[PDB]
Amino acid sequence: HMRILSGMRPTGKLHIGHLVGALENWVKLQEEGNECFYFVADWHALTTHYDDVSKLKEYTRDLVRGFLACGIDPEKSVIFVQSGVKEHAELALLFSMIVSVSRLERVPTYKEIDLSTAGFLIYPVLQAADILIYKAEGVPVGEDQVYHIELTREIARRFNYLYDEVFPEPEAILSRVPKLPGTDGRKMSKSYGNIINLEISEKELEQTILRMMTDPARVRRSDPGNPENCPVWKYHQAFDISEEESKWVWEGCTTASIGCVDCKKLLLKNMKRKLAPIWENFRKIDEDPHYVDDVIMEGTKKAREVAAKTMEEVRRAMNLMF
């Protein structure tokens, strides 16, 4: 029974990849009954997108609207916006005084990802503030983000040592969910036009699935394919294909006894099954205008009072006046 913390940067409309990776895990942690703190990391959006803020406020709200459509329940999780919890800035600043420049340079997520800014360098320090300010015990993350969890633990340890013992050492909760490719085999990116937004229509989903990439081995209908080399098959898994349906595809495809059209019809049925409730939810949320604003203010108010309680300790430990 745990204190979970996680966040997402508002960079746009949420797609299939945010859902089957991150958000489903978030909802699973929520339903298992842990104390979940989930937020829109709007200040992290600035570390990389300080050149285009024209849609930041708007994307921030949309991200919260999306969390909600996907099952993030504010009656049981704390949902908030990073920029509203001013205490994160203060802790980030305070932690920056105990972390070396070289240590931030070693971060792989750094040198791998304009971005020559002080802000991008201390990104992980801010991320440590986000996690440690709610004294989180678990942080759901994909293998890619593990290095930021290790630093946070170091920060916690160096802090507890130099001052007083205030912070638990948080641990990563790794996703088993495999990364989903784009609708055309390659990685998901907006520039490749291979993305599927959660808020797509049935006609547009129907058309995106039908022109989707299949195993290039199947030049003709009579040519058998190999689902391991097929994006459609990868999508079948993300959308809860039954043991029966998967034997049908596998034996169908490999024996060249089903056509990809039929195979995609099955993905459509299953992916529409997962999306229909999310689509309904987007409609229910919009009919109560202010529902999302109310959720944001209430949620951020709650995150704030937890954060403030932690800062009282932090300031007392560092012997600061205020």
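All residue numbers refer to positions in the sequence shown, first residue = 1.
Count of coordinate-less deposited residues separating residue 177 and residue 178, as none, 1 to 3, 4 to 9, or 10 or more? Per the record, no deposited residues are absent between residue 177 and residue 178.
Of the two stretches 282-290 and 253-261, which shows the higher Cα B-factor on average in the entry? It is 282-290 that shows the higher mean C-alpha B-factor.
So 125-133 or 169-177, which one's hotter by mean CA B-factor in the entry? Comparing averages over the C-alpha atoms only gives 169-177.
From 148, 247, 236, 218, residue of greatest CA B-factor: Spelled out: the listed residue with the top C-alpha B-factor is 148.
Chain-wide C-alpha B factor ranking for residue 192, given as lowest, middle or highest third: Lowest third, going by the recorded CA B-factors of the chain.
Looking at the C-alpha B-factor of residue 5, is it in the lowest, middle or highest third of its chain? It falls in the middle third of the chain.
Considering only modelled residues of the same chain, in which third does the CA B-factor of residue 300 rank: lowest, middle or highest? Tercile = lowest for this residue's CA B-factor.
Classify residue 274 as lowest, middle or highest third according to the C-alpha B-factor given in the PDB entry, relative to its own chain. Within its chain, residue 274 is a lowest-third residue by C-alpha B-factor, going by the deposited values.
Ranking every modelled residue in this chain by its Cα temperature factor as given in the entry, which third contains residue 206? Residue 206: CA B-factor falls in the middle third of its chain.
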